[PDB]
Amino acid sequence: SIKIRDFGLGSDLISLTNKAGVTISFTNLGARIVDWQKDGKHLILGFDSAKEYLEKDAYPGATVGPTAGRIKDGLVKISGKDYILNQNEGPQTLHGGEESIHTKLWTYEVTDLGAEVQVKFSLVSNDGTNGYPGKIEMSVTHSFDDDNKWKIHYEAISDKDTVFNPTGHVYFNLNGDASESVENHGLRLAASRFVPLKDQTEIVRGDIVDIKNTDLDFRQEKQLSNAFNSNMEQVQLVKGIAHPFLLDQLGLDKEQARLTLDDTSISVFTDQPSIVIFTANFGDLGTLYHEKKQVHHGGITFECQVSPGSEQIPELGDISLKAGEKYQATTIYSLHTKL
């Protein structure tokens, strides 16, 4: 079943319920995921109206871009030329700059396929918007099916050579409550390397590091508290995890990651080469989710994309988008329950 309702400020709430009784909700404000629930329990973090996101934290569940992550000094080079993007976190351009795409009302169309329902959100980013060459016509289709697969398919075409590398910023919390650390969940991740951060500014340090046999090797499922109680300078640096992990094997068929709590597990599939993991290291901030004060470590992201820092570490990849080339990305979050 599909239900559409007013989410506040003119945005809509589109709720989909599959054959299994599982309900996923999205809003056009930022082409985002608002809730995901089973047997009455939220699996992800989310607010109860548009205003909240605007007032509290605009990123949760949002499609962020055009470039996800931090760009040092807001500087990219396009076809040999340097371009300075909007700078919104010191000199860095973070998630596309201020008042970026996650704060806009996207247009959308719903497509009911039966076992599968698609919600296609569309937005045009004007040439020069926040310094980005365009125009860029973007669409993000979030779909939900009877097999409990929530899939995100991105597509884009630009009139000029530009940069493009968006991501989905959903925060998972299998405890169903923000006041509860995710240190009790277990994580498995098919990555033997990561990208260390230079410092508190969170720009990349410059190198690629081997994680095998360290507190960050989740190659073998392991509990989060491990990483959390590690003395590794990198962990201590951010007070948790807030880094890109390079996947060992690329391809949409491979389960790249798994997050488990009891009988409940989320499997991550993507065609992207990297996963950025941030464990809501908010300290005492205490953002309120559903009347619950959020705790340090009260959520975790799986930002699938090309790793931030390719501006200084080219090996990471190349995020350019040539005028006329069609960009495509796919990321999937599969829900499972042991019987």
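From 1 onward, residues are counted along the sequence shown.
Taking only CA atoms, the mean B-factor in the PDB entry is higher for 278-286 than for the other of 31-39 and 278-286.
Stretch comparison (212-220 versus 166-174) by mean CA B-factor in the PDB entry places 212-220 on top. As recorded in the PDB entry, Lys254 shows the highest C-alpha B-factor of the residues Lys151, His185, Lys120, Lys254. Per the PDB entry, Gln249 shows the highest C-alpha temperature factor of the residues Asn86, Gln236, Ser158, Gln249. For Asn126, the recorded CA B-factor ranks within the lowest third of the chain. Only modelled residues enter the ranking. In the PDB entry, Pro66 places in the lowest third of its chain by CA B-factor.
For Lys77, the recorded CA temperature factor ranks within the middle third of the chain's modelled residues.
Among all modelled residues in this chain, the alpha-carbon of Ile266 has a temperature factor (C-alpha) in the middle third. When the modelled residues of the chain are ordered by their C-alpha B factor, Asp57 lands in the middle third.
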